């Protein structure tokens, strides 16, 4: 088998917006947060970008 | 009932003057309660607890 490493994965910091995080609300979530296909790779179809 | 106070200038006046200092420390079975807090204008005006 070849190496199993994600060549296609957007940068969690530089790809998305630069934001000031409210750590108060961060610890207050205590719940699962959804993830879209746009955050996993850049070879996503236009329709499946928000899924 | 009426005691004339001869040596003083005024017989009917309250001749003496007193100053008291009573300090009491009373262990009690009283419960009391927790102190309250003051409204914060940063949480409702910015929604910190979103």
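Where a number appears in this text, it was derived from the coordinates with a stated rule and is not lab data. Cβ coordinates were reconstructed from backbone atoms using ideal geometry, including for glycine residues, and neighbour counts include every protein chain displayed.
A few comments on the model shown:
- For the stretch A:22-37, the count of residues that are farther than 26 Å from residue B:50 by Cα and surrounded by 10 or more Cβ atoms within 10 Å (Cβ to Cβ) is zero.
- In the stretch A:2-18 there is no residue that is within 14 Å of chain B (Cβ to nearest Cβ) and surrounded by 11 or more Cβ atoms within 10 Å (Cβ to Cβ).
- Number of the exception - residue A:26 against (1) within 30 Å of residue B:44 (Cβ to Cβ); (2) in a loop (DSSP other than H, G, I, E, B): (2)
- Selected residue (only one of B:10, B:2, B:47 is assigned to a loop (DSSP other than H, G, I, E, B), free of Cβ contacts under 8 Å to residues at least 12 places away in the same chain and in contact with a helix residue (DSSP H, G or I) (Cβ under 9 Å, 6 or more places away or on another chain)): B:47
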